[PDB]
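Visitor:
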Amino acid sequence: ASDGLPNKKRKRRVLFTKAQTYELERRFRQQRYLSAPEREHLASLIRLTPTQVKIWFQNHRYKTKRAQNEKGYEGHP
DNA sequence: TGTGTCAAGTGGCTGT
DNA sequence: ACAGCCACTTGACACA
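The first sequence maps to residues 537 to 613 in full-length UniProt numbering.
(1) So within the stretch 555-590, which uninterrupted alpha helix (DSSP H) runs reach at least 4 residues, ignoring any that extend past its ends?
(2) Measuring CB atoms only, is the stretch 560-580 touching the stretch 602-612, in the sense that at least three cross pairs come out at less than 8 Å?
(3) Cα separation between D539 and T587?
(4) What three-state label does DSSP hand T553 in the structure shown?
(5) Could you say which of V589, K544, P542 lies nearest to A555 if we only look at CA atoms?
(6) Taking the alpha carbon of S580 as the reference point, which residue from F552, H612, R548 has its own alpha carbon closest?
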């Protein structure tokens, strides 16, 4: 047999409260790169699961750089 | 009506 | 073998 499995999974935009954001911003705006017992603790404060921290921290370090592609321009033939 | 945005989803080589 | 962000992209979400 081969296919994977019966899965049909569902990510609706799984948004953290501006507060939770703020602490995520906070922890980004301070720090690029977190060991779990730091970051879980943010996950603890704002009461998310630590990947939901991490993943908001992943989404920022690429997001920055792109912004900066703007600044000058997206100069590509 | 359609898309960007956001968060994942997903996928890719790098080193010990 | 080993661990997995980084960058693209879809998969739900705001908006003219």
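A virtual CB, placed ideally from N, CA and C, is assigned to each residue, including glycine.
Guide: Judging by the given coordinates:
(1) For the stretch 555-590, whole alpha helix (DSSP H) runs of length 4 or above, ordered along the chain, are 572-581.
(2) The stretch 560-580 vs the stretch 602-612: no contact.
(3) Taking the straight line joining both Cα atoms gives about 27 Å.
(4) Reduced to three states, the DSSP call for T553 is coil.
(5) Comparing alpha-carbon positions, the option among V589, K544, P542 lying closest to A555 turns out to be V589.
(6) Ranked by Cα distance from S580, the options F552, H612, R548 are led by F552.
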